[PDB]
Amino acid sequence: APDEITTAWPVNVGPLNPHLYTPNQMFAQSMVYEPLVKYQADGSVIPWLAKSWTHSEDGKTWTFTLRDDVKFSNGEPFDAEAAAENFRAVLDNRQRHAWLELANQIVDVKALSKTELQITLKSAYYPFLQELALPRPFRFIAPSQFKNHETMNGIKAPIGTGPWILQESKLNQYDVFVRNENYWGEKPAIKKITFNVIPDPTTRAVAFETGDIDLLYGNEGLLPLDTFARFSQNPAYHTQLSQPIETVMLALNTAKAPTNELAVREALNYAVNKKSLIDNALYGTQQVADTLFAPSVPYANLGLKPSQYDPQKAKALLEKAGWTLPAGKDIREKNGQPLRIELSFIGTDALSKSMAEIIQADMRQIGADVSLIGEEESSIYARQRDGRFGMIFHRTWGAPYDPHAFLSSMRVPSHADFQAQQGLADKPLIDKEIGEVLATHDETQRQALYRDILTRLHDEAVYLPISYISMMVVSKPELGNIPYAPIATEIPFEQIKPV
């Protein structure tokens, strides 16, 4: 059936609550729910659910003129009342969204007519419009699907305005989406998409070459990298790599020994032979990362010094910090205690598992004993949130989060950064300066603030940058060339065309 496609994903899409996080998958929230304004590859936004808008002299009050022709997928109208109700449900759970500064800025959301929605901020918050465009939390479920006039405690049906409708959800088996034939924009050419829930990356690969699935669209790590490289040589498949979009790095816990020592974290940054890891384990499909953000990230081309591969420097740094080698033993000890570190990652990620292996062996070469721990994604995120990790795999967030929303998130438990930074004496300063860089309209001062924040995080070796990864695609040749969505976690199913 040509206008239907089957694909695969490590987990289910989740309840598809538009205002909550994992277990909801962002690509799926974005299929069903839509923003007021839509993010573009060039960095701007365009009208979406909001046809047009104005704002006050001081920039604190924004009036949005909504379209009069949008319906939720069950036929109910999307209007200013519905959007206000959504914003109210979101901000009734405001603390959950404190990582994103817009959630701290919205004082009031008023419906003025059926088509006029007024949003009031406590300052002229320049990233306003980009954060409204994100996959979550500021997208719209029909108010009829609230539970007790809230969404923070669950939803009835995942009824959005978008071009896809969640039709069926079988746990640990599949999810099914059908086209919304009453979508207000372009009717997608695909009629139905089935997601098979396949957590093992080898089984996803086999699912593809048996022909059981048509497409794989995800981060590097959705397939074994050696399989993907062979797929790319096979004229019977089609494959793609986008330009790099995210950093993959380890967060090092400056709060827990032994990673709370600067000398230890610097040694670990010298320990990994990244050029070999990339050229070998990852098949040249990435680039060596020396900093938390790539030089191409806005405000991030700071000329920071890289830590290149230097086992001998690493050993010297450990010696001088009192981690020495007993006689006839490979693992350093200090004051009776061997140098042991725990390295946790999401088990279903082929890239994380594969890098964890190389990293472990590289760090043993300098006398550090690293234990690998692979777990379900919910357990890894909870670890990042509460500080229970030694070294934990991490990644930045792509456009448009990088750098401003990623930094904003460092100020509360979010991903691993807040907890990983608790050991830094200048952590409060960094957080103060993150708040300033999000508030300033002075271009010169905005660059100064980014440089200082990013140079402090670099100099104190909070991260072990590994590589800058790309989006990866595998598809039947019939689907032709697949486009990329400007937001890294979204999948542009509505632009795919059958033969």
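Heads up: residue numbers just count along the shown sequence, starting at 1.
Name the higher of the two by mean Cα B-factor in the PDB entry, 110-118 versus 234-242.
Higher of the two, by average CA B-factor, is 110-118.
Report the stretch with the higher mean CA temperature factor, choosing between 76-84 and 365-373 on the basis of the entry.
Averaging CA B-factors over each stretch, the winner is 76-84.
At the C-alpha atoms, which of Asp212, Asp402, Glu261, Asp426 reaches the highest B-factor in this entry?
If I rank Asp212, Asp402, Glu261, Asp426 by C-alpha B-factor, first place goes to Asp212.
Using the temperature factors in the entry, find which of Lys71, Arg136, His394, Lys256 has the highest value at its Cα atom.
When the deposited C-alpha B-factors of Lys71, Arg136, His394, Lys256 are compared, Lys71 is largest.
Name the third of the chain's ranked CA B-factors that contains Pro143, choosing lowest, middle or highest.
Ranked within chain, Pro143 CA B lands in the highest tercile.
Is the Cα B-factor recorded for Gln173 in the lowest, middle or highest third of its chain?
For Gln173, the deposited C-alpha B-factor lands in the highest third.
Splitting the chain's C-alpha B-factors into thirds, which one does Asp417 fall into?
Answer is lowest: the recorded C-alpha B-factor places it there.
Using only modelled residues of the chain, where does the Cα B factor of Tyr217 rank: lowest third, middle third or highest third?
Its C-alpha B-factor, which the entry lists for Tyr217, ranks in the middle third among residues of this chain.
Can you work out whether the C-alpha temperature factor of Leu49 puts it in the lowest, middle or highest third of the chain?
Within its chain, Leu49 is a highest-third residue by C-alpha B-factor, going by the deposited values.
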